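Shown below: input.tsv, with TSV, C-alpha atoms.
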chain	number	residue	atom	x	y	z
A	1	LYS	CA	3.31	74.42	-14.70
A	2	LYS	CA	6.21	74.42	-12.22
A	3	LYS	CA	8.90	77.11	-12.60
A	4	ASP	CA	10.76	76.01	-9.46
A	5	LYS	CA	8.76	78.69	-7.61
A	6	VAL	CA	11.46	79.40	-5.00
A	7	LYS	CA	9.30	82.29	-3.77
A	8	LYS	CA	7.00	80.98	-1.00
A	9	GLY	CA	6.31	77.23	-0.75
A	10	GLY	CA	7.60	76.40	2.75
A	11	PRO	CA	8.55	78.11	6.02
A	12	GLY	CA	11.60	76.43	7.61
A	13	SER	CA	12.96	78.60	10.45
A	14	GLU	CA	16.18	77.82	12.36
A	15	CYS	CA	19.45	79.53	13.36
A	16	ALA	CA	18.41	83.21	13.61
A	17	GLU	CA	21.95	84.24	12.68
A	18	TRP	CA	22.53	81.67	9.97
A	19	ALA	CA	24.58	82.85	6.96
A	20	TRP	CA	21.43	84.38	5.39
A	21	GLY	CA	22.12	85.88	1.94
A	22	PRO	CA	19.89	88.81	0.94
A	23	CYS	CA	16.49	88.43	-0.76
A	24	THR	CA	15.94	88.12	-4.52
A	25	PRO	CA	12.92	88.74	-6.75
A	26	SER	CA	12.78	85.25	-8.30
A	27	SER	CA	9.94	86.74	-10.37
A	28	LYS	CA	9.22	90.49	-10.51
A	29	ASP	CA	11.81	92.78	-8.85
A	30	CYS	CA	10.50	93.01	-5.27
A	31	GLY	CA	6.95	92.18	-4.00
A	32	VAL	CA	8.04	88.83	-2.59
A	33	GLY	CA	11.77	88.19	-2.07
A	34	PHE	CA	13.32	85.40	0.02
A	35	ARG	CA	16.90	85.41	1.27
A	36	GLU	CA	18.93	82.20	1.12
A	37	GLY	CA	21.89	80.67	2.95
A	38	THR	CA	23.09	78.17	5.57
A	39	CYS	CA	23.06	77.71	9.37
A	40	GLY	CA	24.84	74.49	10.32
A	41	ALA	CA	23.75	71.30	8.54
A	42	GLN	CA	20.72	72.84	6.80
A	43	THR	CA	20.29	75.62	4.15
A	44	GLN	CA	17.33	77.05	2.21
A	45	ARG	CA	15.35	80.21	1.44
A	46	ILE	CA	12.71	82.30	3.22
A	47	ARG	CA	10.72	85.18	1.84
A	48	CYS	CA	11.04	88.84	2.74
A	49	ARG	CA	9.26	91.93	1.35
A	50	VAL	CA	11.17	94.16	-1.10
A	51	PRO	CA	10.77	97.91	-1.74
A	52	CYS	CA	11.17	97.47	-5.53
A	53	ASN	CA	14.69	98.96	-5.41
A	54	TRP	CA	15.40	97.78	-8.98
A	55	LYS	CA	17.20	101.13	-9.46
A	56	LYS	CA	17.91	101.87	-5.77
A	57	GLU	CA	16.82	105.45	-6.67
A	58	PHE	CA	15.57	106.54	-10.12
A	59	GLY	CA	17.35	109.93	-10.15
Once you've parsed the file, please lay out its structure as structure tokens.
Amino acid sequence: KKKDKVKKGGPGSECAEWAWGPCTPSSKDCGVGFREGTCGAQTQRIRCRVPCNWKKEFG
């Protein structure tokens, strides 16, 4: 019962700038969505809400 839930599971905050890639709906397509990247000698993900832009504009 462990699908590597990368969504939520730990905070970890450091290097405001930090090469922070955009978020990603590890599960649905928005709801929860953590970005992911590197700062200096660390690296990891952090959640971020997502406006369900699966289509970025349905029409």
inquiry  = Can you tell me which residues surround residue 43 in chain A at a distance of at most 10 Å, considering all atoms listed in the file, apart from same-chain residues fewer than 4 positions away, and format the answer as a list in words?
reply    = residues 12, 14, 18, 19, 20, 36, 37, 38 and 39 of chain A
Just need the box for range 29-47 of chain A, edges along x, y and z, holding every atom the file lists for it with 3 Å tacked onto each side, so centre and edge lengths in Å to one decimal, as lines of an AutoDock Vina configuration file.
center_x = 15.9
center_y = 82.2
center_z = 0.7
size_x = 23.9
size_y = 27.7
size_z = 25.2
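Among the candidates A:42, A:35, A:54, A:26, the one nearest to residue 5 in chain A when counting all atoms listed in the file is A:26.
In this structure, CA of residue 47 in chain A sits 12.3 Å away from CA of residue 27 in chain A.
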task = With a distance cut-off of 9 Å and only C-alpha atoms, select the neighbouring residues of residue 51 in chain A, excluding the residue or stretch itself and same-chain residues fewer than 4 positions from it, and output the selection as a list in words.
result = residues 29, 30 and 31 of chain A
Would you output that residue set with C-alpha atoms, as a short mmCIF file (atom, residue, chain, number, x, y, z; two decimals), keeping the file's coordinate frame?
data_model
loop_
_atom_site.label_atom_id
_atom_site.label_comp_id
_atom_site.auth_asym_id
_atom_site.auth_seq_id
_atom_site.Cartn_x
_atom_site.Cartn_y
_atom_site.Cartn_z
CA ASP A 29 11.81 92.78 -8.85
CA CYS A 30 10.50 93.01 -5.27
CA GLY A 31 6.95 92.18 -4.00
#
query = For the atom pair CA of residue 45 in chain A and CA of residue 6 in chain A, what is the interatomic distance in Å to one decimal place?
reply =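 About the pair CA of residue 45 in chain A and CA of residue 6 in chain A: they are 7.6 Å apart.
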ask   = What separation in Å, quoted to one decimal, exists between CA of residue 3 in chain A and CA of residue 55 in chain A?
value =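 We find that CA of residue 3 in chain A and CA of residue 55 in chain A lie 25.6 Å from each other.
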Output range 35-47 of chain A as a short mmCIF file (atom, residue, chain, number, x, y, z; two decimals), in the frame of the given file, making sure N, CA, C and O atoms are there.
data_model
loop_
_atom_site.label_atom_id
_atom_site.label_comp_id
_atom_site.auth_asym_id
_atom_site.auth_seq_id
_atom_site.Cartn_x
_atom_site.Cartn_y
_atom_site.Cartn_z
N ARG A 35 15.42 85.44 1.18
CA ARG A 35 16.90 85.41 1.27
C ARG A 35 17.31 83.95 1.18
O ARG A 35 16.47 83.09 1.01
N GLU A 36 18.57 83.64 1.25
CA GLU A 36 18.93 82.20 1.12
C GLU A 36 20.33 81.94 1.66
O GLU A 36 21.26 82.66 1.35
N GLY A 37 20.52 80.91 2.46
CA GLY A 37 21.89 80.67 2.95
C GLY A 37 22.04 79.37 3.73
O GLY A 37 21.50 78.35 3.37
N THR A 38 22.83 79.40 4.78
CA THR A 38 23.09 78.17 5.57
C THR A 38 23.17 78.49 7.06
O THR A 38 23.44 79.60 7.46
N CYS A 39 22.96 77.50 7.89
CA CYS A 39 23.06 77.71 9.37
C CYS A 39 24.14 76.77 9.90
O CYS A 39 25.19 77.18 10.35
N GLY A 40 23.87 75.51 9.84
CA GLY A 40 24.84 74.49 10.32
C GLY A 40 24.83 73.30 9.36
O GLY A 40 25.70 73.15 8.53
N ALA A 41 23.83 72.47 9.46
CA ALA A 41 23.75 71.30 8.54
C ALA A 41 22.49 71.44 7.68
O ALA A 41 22.01 70.48 7.10
N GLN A 42 21.95 72.62 7.61
CA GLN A 42 20.72 72.84 6.80
C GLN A 42 21.03 73.78 5.63
O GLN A 42 22.09 73.70 5.05
N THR A 43 20.11 74.65 5.29
CA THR A 43 20.29 75.62 4.15
C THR A 43 18.96 75.76 3.43
O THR A 43 18.22 74.80 3.31
N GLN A 44 18.63 76.92 2.93
CA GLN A 44 17.33 77.05 2.21
C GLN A 44 16.97 78.52 2.03
O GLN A 44 17.79 79.40 2.21
N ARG A 45 15.76 78.80 1.65
CA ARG A 45 15.35 80.21 1.44
C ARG A 45 14.12 80.54 2.27
O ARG A 45 13.39 79.68 2.72
N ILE A 46 13.89 81.80 2.44
CA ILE A 46 12.71 82.30 3.22
C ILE A 46 12.36 83.64 2.65
O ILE A 46 13.22 84.41 2.33
N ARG A 47 11.12 83.89 2.48
CA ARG A 47 10.72 85.18 1.84
C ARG A 47 11.03 86.40 2.69
O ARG A 47 11.44 86.33 3.83
#
